[PDB]
Structure formats: C-alpha cells, structure tokens
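Data block below; observations after.
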Amino acid sequence: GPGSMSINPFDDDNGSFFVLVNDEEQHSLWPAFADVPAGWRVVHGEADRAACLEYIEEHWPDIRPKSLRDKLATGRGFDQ
C-alpha cells in the first residue's frame with residue numbers, strides 16, 4: 001500500500017476532499033458511488049465542500065508516507 005495507509009491528522013474530523021492515487025504514479029478522483037478498482041489507493045475519501053476548500057487551498061501538502069498491510073476500511077462518516 002503506497003503513500004497513505006494511515007494519515008497523521010490534526011483533527012481528522014473535517015479531514016479534506018477526496019483523492020485517488022495509483023501505484024503507477026497515477027492520480028485523479030474516484031467515483032464515490034462505486035468501489036475503487038485494485039491497483040489504486042484512495043488517500044482521502046468523500047467529504048464536505050469545506051474539506052474540498054481545505055484540499056485545494058493546501059494544494060496537497062504531502063502523501064504522508066505510511067505503508068501498511070491494510071487500514072482502508074469504509075468508516076469515514078461519523079454523524080450524517
């Protein structure tokens with residue numbers, strides 16, 4: 001798992017917008033209404049426009065190098 005398997009977030013609540021990378025150095029967005037195809041890595045899942053603004057304004061800080069077996073459970077969503 002390249003790049004983001006586990007992030008070190010200050011708050012983790014609002015997080016950021018959503019970004020899909022790939023082992024082949026590919027990077028784009030992913031269909032939130034579907035499952036991410038194998039070979040890709042989702043570094044950030046869907047979030048609010050606020051989180052969108054955070055991502056774009058930060059223009060991507062860093063990939064947060066933390067490669068692990070698995071940590072990518074579909075649990076991003078507390079109250080909504």
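Lettering and numbering for the structure tokens are positional, with chains as A, B, ... in the shown order, residues counted from 1 in each chain, and ligands counted from 1 in the shown order.
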
Taking the DSSP assignment computed from this structure's backbone, write out as a VMD selection string all residues of chain A that belong to helix (DSSP H, G or I).
chain A and resid 49 to 58

Kindly assemble as CSV a list of the segment 9-44 of chain A residues that lie within 8 Å of segment 50-66 of chain A, each paired with its nearest atom pair and their distance in Å to one decimal, using only C-alpha atoms, sorted first by chain and then by ascending residue number.
residue,atom,partner,partner_atom,distance
A:14,CA,A:51,CA,5.9
A:15,CA,A:51,CA,6.0
A:16,CA,A:51,CA,4.0
A:17,CA,A:52,CA,4.2
A:18,CA,A:52,CA,7.7
A:43,CA,A:63,CA,7.7

Residues near residue 24 of chain A, anyone? I mean within 12 Å using only C-alpha atoms, not counting same-chain ones fewer than 4 positions away, as a CSV table (one decimal) with N, CA, C and O atoms, in the first residue's frame.
chain,number,residue,atom,x,y,z
A,2,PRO,N,1.0,1.9,-1.2
A,2,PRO,CA,1.9,3.1,-1.3
A,2,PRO,C,1.2,4.4,-0.8
A,2,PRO,O,0.0,4.6,-1.1
A,3,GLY,N,2.0,5.2,-0.2
A,3,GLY,CA,1.5,6.5,0.3
A,3,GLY,C,0.7,6.5,1.5
A,3,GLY,O,1.2,6.2,2.6
A,20,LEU,N,-7.7,10.0,-5.3
A,20,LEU,CA,-7.3,8.6,-5.6
A,20,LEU,C,-5.9,8.6,-6.4
A,20,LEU,O,-5.8,9.3,-7.4
A,38,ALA,N,-8.8,-2.3,-8.0
A,38,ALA,CA,-7.5,-2.8,-7.4
A,38,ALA,C,-6.3,-2.1,-8.2
A,38,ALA,O,-6.4,-1.8,-9.4
A,39,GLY,N,-5.2,-1.8,-7.5
A,39,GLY,CA,-4.1,-1.1,-8.1
A,39,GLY,C,-4.1,0.4,-7.7
A,39,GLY,O,-3.0,1.0,-7.7
A,40,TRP,N,-5.2,0.9,-7.3
A,40,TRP,CA,-5.3,2.3,-6.9
A,40,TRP,C,-5.3,2.4,-5.4
A,40,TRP,O,-5.6,1.4,-4.7
A,41,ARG,N,-5.0,3.6,-4.9
A,41,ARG,CA,-5.1,3.8,-3.4
A,41,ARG,C,-5.8,5.1,-3.2
A,41,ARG,O,-5.5,6.2,-3.8

Atom CA of residue 37 of chain A to atom CA of residue 13 of chain A, distance in Å rounded to a single decimal:
26.1 Å
